[PDB]
Amino acid sequence: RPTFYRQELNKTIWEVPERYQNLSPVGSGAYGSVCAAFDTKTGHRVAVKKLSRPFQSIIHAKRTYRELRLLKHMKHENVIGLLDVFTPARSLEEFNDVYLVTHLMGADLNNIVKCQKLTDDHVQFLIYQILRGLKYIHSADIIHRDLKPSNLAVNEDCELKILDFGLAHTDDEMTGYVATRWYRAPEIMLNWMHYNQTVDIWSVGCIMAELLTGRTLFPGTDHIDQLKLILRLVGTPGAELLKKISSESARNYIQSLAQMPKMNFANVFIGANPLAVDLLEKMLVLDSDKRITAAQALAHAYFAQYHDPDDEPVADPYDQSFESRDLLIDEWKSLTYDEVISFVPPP
Ligand SMILES: CCCc1ccc(NC(C)=O)cc1O
Ligand SMILES: [Cl-]
Ligand SMILES: [Cl-]
Ligand SMILES: [Cl-]
Ligand SMILES: [Cl-]
Ligand SMILES: [Mg+2]
């Protein structure tokens with residue numbers, strides 16, 4: 001066990017191993033607080049996150065376990081990984097606090113999109129890396145659920161990592177003119193379907209469109225306005241898809257709208273590479289069964305310059321049976337403690 005030292009930063013106590021030096025606050029959320037630091041063992045600049053109230057309820061304890069399980073599994077060049085996890089506690093009986101350590105990320109794709117002039121080669125490389133990471137995530141039967149520009153880190157060499165997996169966002173967070181909803185698939189925006197991995201491909205289509213034009217694709221002022229923007233571009237549901245729609249709330253509202261045809265994407269995305277237009281038409285489909293998958297998209301001709309089927313790896317299997325398990329707070333807490341003490345750092 002390393003030696004730990006204590007300090008108070010912005011009214012919070014931080015108790016961390018001596019290896020982490022020069023802690024400086026960089027933000028707070030509802031799930032924790034974050035400090036930048038220098039890691040003397042590896043030489044990296046790191047982000048250290050102290051979870052807030054990790055075991056305050058059954059829901060919160062299960063969420064803490066879920067986050068740690070996910071971060072310990074993800075080992076891929078285009079996905080955020082876990083550098084370290086620690087607790088100052090010396091036993092399960094005194095265990096209360098959890099700290100997570102990752103590489104410190106600078107710019108996100110929002111910063112790139114609003115300030116930089118992107119060539120077609122830039123869009124190719126950025127979307128290629130998203131899809132490479134998504135092939136890996138989906139091969140473990142994980143759904144990201146929250147892909148958007150602020151959850152994609154990008155460095156000076158245009159290299160990209162996927163961040164901030166959806167841990168299961170409030171109704172207030174998705175209300176009104178908010179980027180938190182602009183990238184969500186139409187079948188989940190009003191919970192007309194259960195989540196599945198095809199929702200992430202819709203999000204990729206929205207992101208790629210925004211890199212090509214510099215503008216949000218579906219900036220709705222509320223859920224209904226956003227659905228209308230979507231249906232104007234892709235058309236109202238055809239007979240084949242309506243037959244598959246199980247939700248009675250969806251059918252009733254959908255049938256109240258005048259029918260509209262799918263628009264011509266070459267007249268929407270003026271000047272874009274025709275191969276980019278073709279890929280967008282394969283992502284932005286209402287029938288989620290018919291959307292292109294991440295593995296299929298990597299082989300599309302738009303990525304010919306970067307695609308290498310011997311360098312697009314899949315994940316080890318990921319056991320999610322805990323998600324259907326009913327446990328007490330202290331049982332989730334003990335499971336989390338086991339995962340903290342068994343962590344082995346990357347080479
Ligand atoms: C405006 C329609 C919203 C919607 C509702 C359901 C589905 N179902 C499938 C299987 O893809 C897909 C949808 O796009
Ligand atoms: Cl140390
Ligand atoms: Cl503790
Ligand atoms: Cl965003
Ligand atoms: Cl597993
Ligand atoms: Mg985020």
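All ligand and atom numbering here is 1-based and tracks the order in the structure. Atoms considered below: every heavy atom in the structure, side chains included; atoms not considered: hydrogens, waters and symmetry mates. By convention here, the first residue in the shown sequence is residue 1.
A donor-acceptor contact under 3.5 angstrom links the side chains of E173 and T170, judged on distance only. In summary, the side chains of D84 and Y20 do present a donor paired with an acceptor at a separation below 3.5 Å, with no hydrogens or angles considered. For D120 and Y302, the side-chain atoms include at least one donor-acceptor pair closer than 3.5 Å.
Ring geometry, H144 versus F165: the interplanar angle falls from 30° to 60°, so the pair is classed tilted.
In terms of protein heavy-atom proximity, atom 1 (C) of ligand 1 is nearest to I254 CD1, 3.8 Å. With hydrogens left out, the protein atom closest to atom 10 (C) of ligand 1 is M193 SD, 3.3 Å, a heavy atom. Residue, atom and distance of the protein heavy atom nearest to atom 3 (C) of ligand 1 are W192 CE3, 4.1 Å. Of the protein's heavy atoms, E187 CB, 3.8 Å lies nearest to atom 4 (C) of ligand 1. The protein non-hydrogen atom at the shortest distance from atom 12 (C) of ligand 1 is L286 O, 3.3 Å.
A search for side chain to side chain contact (heavy atoms under 4.5 Å, CB included) contacts involving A266 returns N264, not counting sequence neighbours.
For the side chain to side chain contact (heavy atoms under 4.5 Å, CB included) criterion with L83, the lone passing option out of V101, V48, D39 is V101. The only member of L134, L147, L284 that meets side chain to side chain contact (heavy atoms under 4.5 Å, CB included) when paired with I201 is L134. None of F95, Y65, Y337 except one satisfies the ring-ring contact (aromatic ring centres under 6.0 Å, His included) rule with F55; the exception is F95.
Residue contacts with ligand 1 for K244 are absent, since no atom lies close enough (heavy atoms, distance under 4.0 Å).
Listed by chain and number, the protein N, O or S atoms at a distance under 2.8 Å from the Mg ion (ligand 6) are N151 OD1, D164 OD2.
Using a 4.0 Å cut-off between charged side-chain N and carboxylate O, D289 and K244 make a salt bridge.
Looking at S288 next to ligand 1, an N or O pair under 3.5 Å apart turns up.
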